[PDB]
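Now for the letters of each chain:
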Amino acid sequence: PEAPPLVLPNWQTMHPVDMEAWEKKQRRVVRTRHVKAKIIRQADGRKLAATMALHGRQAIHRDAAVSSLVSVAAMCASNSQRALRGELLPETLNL
Amino acid sequence: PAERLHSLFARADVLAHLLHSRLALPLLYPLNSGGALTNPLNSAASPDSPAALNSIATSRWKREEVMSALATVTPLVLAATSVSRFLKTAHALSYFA
Amino acid sequence: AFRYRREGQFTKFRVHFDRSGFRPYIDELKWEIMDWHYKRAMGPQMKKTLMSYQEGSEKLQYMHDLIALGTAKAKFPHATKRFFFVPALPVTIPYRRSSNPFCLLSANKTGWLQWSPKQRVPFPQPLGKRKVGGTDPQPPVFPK
Amino acid sequence: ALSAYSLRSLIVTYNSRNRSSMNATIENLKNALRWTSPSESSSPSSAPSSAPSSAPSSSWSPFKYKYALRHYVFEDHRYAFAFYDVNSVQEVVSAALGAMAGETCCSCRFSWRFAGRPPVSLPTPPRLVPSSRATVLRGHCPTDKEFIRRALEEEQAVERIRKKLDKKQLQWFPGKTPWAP
Amino acid sequence: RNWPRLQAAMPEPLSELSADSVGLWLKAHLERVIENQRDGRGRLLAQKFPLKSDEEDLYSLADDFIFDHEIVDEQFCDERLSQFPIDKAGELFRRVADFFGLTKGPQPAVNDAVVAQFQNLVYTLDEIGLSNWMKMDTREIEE
RNA sequence: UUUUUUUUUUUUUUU
């Protein structure tokens, strides 16, 4: 779904015909043109993830333990965060 | 209290509060500005021949009307002091930090 | 910002006459203003002629019914009233035969409508001391 | 097929030249309801259409250098109503036209719908065993909300298409084209 | 003199406290309201009807629970004087009735059709003039 | 929105 709210009027809450006098019976402006602001998604943690990916690249030519090297492959094998922006995925995998 | 709340407290109260028929009408329904005019029929009200067709008794027989109006003004205060007041409590508490 | 107070501003100065929802009004008033004078001049005159001959007025109507339908359907004895003549005038406004079942004139099968002998609420109500034009048959006079 | 049609919606609009005349129509329409055979009467929705106005200008007494002006305002009123699932045509069309009073015209807009192939499938489901190896308010429309959403979207689509096409075929001196002669 | 009587028809979390515990919070709450009462003039002197004979007044009934903080909501006033929202009558009733009845206490465990019927009572009272009582305190009708 | 954009604002309207 893409339309949760379904606002429908009724007979008991209908605006009167003479709407000119209705505005004069209020303390301040209430009704206004249709202006609603949407929510824009930020990096959602992807900005920090990119920095962490570079750390695994440096920890390959250090002759470390096999257990520690498994983490590098998992990051390089991502499918929804890293994408293919930069041409570093094949280079890191080859090394 | 399960069989006396589902359709007894939120439904029966509406029937008692449905007094718009007697409230919307004017206080003096059987008497108007033209009450002493020629409105009564001369051929059926002057000689007093009929007994049920016509009855000119709305000028001093206010005892029945007085009692009827008295019973309709007491319930009105209860609705404003029980229903309107109860609603205000929720509205005020809806913005308590 | 006043929204309701400024309603209709767009369709007042930035809209064409042929590109708006506003309908003309001169067309209706053309046939309405003229008919008012017809009922005023011919109104009292028609009633005066009808009341000129009080008795023997129903004889002409009774004889006419014997030629159109032959048999008098509305025949009544001498001890009963026949009918009451009502002064009516013809219709001059070329109204369209609309299909509205709730209309008051769409179901008119005759070219005559009743005329009110007395009116308490004059339609042409003036906004001041000015009188209605064409309501002074007698010419004026000056002190000289 | 003609017999397969059904009145999907009926948009009823009003155009009154006076404030009092428009108010009388609303009361008359409401009185006609709450009297039909079905338990819940048809309750159409409200949709005001603003209030257009017009006021020409003229110079003002003759033999003047245009020092003063006199305006003549001509206001107007409008009202629109929506209908959904009009099962009874006689109890709706007659009520709308019978609520008029004075110089208050109307403009209806019918909307029919034709059904295609009736979906008839999914017979009695198969079965086996292991081998062992109400809620109706007072002043509210009785129709379902899902039906209104499906029909409402269609109306918004036709309005956009009509405005786009109408703007294209709108030029001064109709029938004139460039370098045609 | 009132805590013991209200220990039955109340939520479990709000029933373990003693009488003394409630008094500590209540004592400090009243002082804050009076101090703050010294766009707030439209609901303090305009609605209250002086009599000179009433030695005391009620609390937390119609308009006593407001002005708890230094500043109050701006849109709250618009919904009491200009126009009270009657469409949300059913929504508020269901959101308050559930507090007393959690479907596991003294109250029954079945309550669904009450909200649907309660809405009708509000609409019927609207014709009598229920909307007018929201703006003006229910004091003139009583006297 | 770290595989997202690539940008000035009007005189009726999301009832």
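- Header annotation of the entry names cryo-EM as the structure determination method and lists the resolution as 3.6 Å.

1. A look at the interface of chain E and chain B
It is common to give the size of an interface as the accessible area that goes away when the parts come together.
Next up, step 1: Taken together, the 37 residues of chain E in the interface contact 33 residues of chain B.
Next up, step 2: Across the chain E/chain B interface, buried area totals approximately 3,300 Å², and carbon plus sulfur atoms make up 71% of it.
Next up, step 3: Counting the surface chain E buries against chain B, the share from its top three residues, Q117(E), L121(E) and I128(E), is 16%.
Next up, step 4: Along the contact surface separating chain E from chain B lie 2 salt bridges.
Next up, step 5: Our count for the chain E to chain B interface comes out at 7 residue pairs in polar contact.
Next up, step 6: Contributions of two or more residues to the side of chain E that touches chain B are made by α2 (75-78), α3 (89-100), α4 (114-128) and α5 (130-135) of chain E.

2. A word on the pattern of salt bridges
Pairing between side chains becomes possible if they bear opposite charge and their charged atoms approach one another.
Next up, step 1: Evaluation of the coordinates by the stated rule reveals 17 salt bridges over all chains.
Next up, step 2: Here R32(E) and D68(E) are joined by a salt bridge, their closest N and O atoms 3.9 Å apart.
Next up, step 3: One continuous salt-bridge network, built from bridges that share partners, spans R27(A), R28(A) and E74(E).

3. Digging into the arrangement of the chains
Next up, step 1: Sorting the 6 pairs of chains in contact by contact count puts chains B and E at the top.
Next up, step 2: In this structure chain A stays clear of chain B, and the shortest span between their C-alpha atoms is 16 Å.
Next up, step 3: With no contact formed, the shortest span from any C-alpha in chain C to any C-alpha in chain E equals 17 Å.

4. Digging into the packing of aromatic side chains
Next up, step 1: Enumeration according to the criterion identifies 15 aromatic pairs over all chains in this entry.
Next up, step 2: Ring centres 6.0 Å apart and planes at 80 degrees place the aromatic pair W22(A) and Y4(C) in the edge-to-face group. Of the two residues, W22(A) sits in helix α1 (residues 20-23) while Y4(C) sits in the segment before α1 (10-13), which places them in two different chains.
Next up, step 3: We classify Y4(C) as buried; its relative accessible area is 11%.
Next up, step 4: Measuring from centroid to centroid gives 6.4 Å for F86(B) and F93(E), while their planes differ by 75 degrees, and the two rings are edge-to-face. With one member in each of two chains, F86(B) in helix α4 (residues 62-93) and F93(E) in helix α3 form a pair that bridges those chains.

5. Details of α3(E)
Next up, step 1: Of the residues making up α3(E), those classed as buried are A89(E), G90(E), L92(E) and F93(E). All buried residues of α3(E) lie within an arc of 155 degrees about the axis, which places them on one face of the element.
Next up, step 2: Looking at the buried residues of α3(E), the elements they touch are α4 of chain B together with α4 of chain E.

What counts and what doesn't
Residues numbered from 1 in each chain as written, not as in the entry; some residues may be left out. Chains lettered and ligands numbered in written order. Part of a larger assembly, values for the part shown. Heavy atoms only, no water. Contact = heavy atoms within 4.5 Å. Buried area = accessible area lost by both parts, 1.4 Å probe. Salt bridge = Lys/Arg side-chain N within 4 Å of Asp/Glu carboxyl O. Polar contact = N/O pair within 3.5 Å; in protein donor to acceptor, adjacent residues only side chain to side chain. Helix = DSSP H or I, 4+ residues; strand = E, 2+ residues; numbered from the N terminus. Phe/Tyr/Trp six-rings, centres within 6.5 Å; stacked < 30°, edge-to-face > 60°. Buried < 20%, exposed > 50% of the residue type's maximum accessible area, 1.4 Å probe, protein only. Arc of directions from axis to C-beta.

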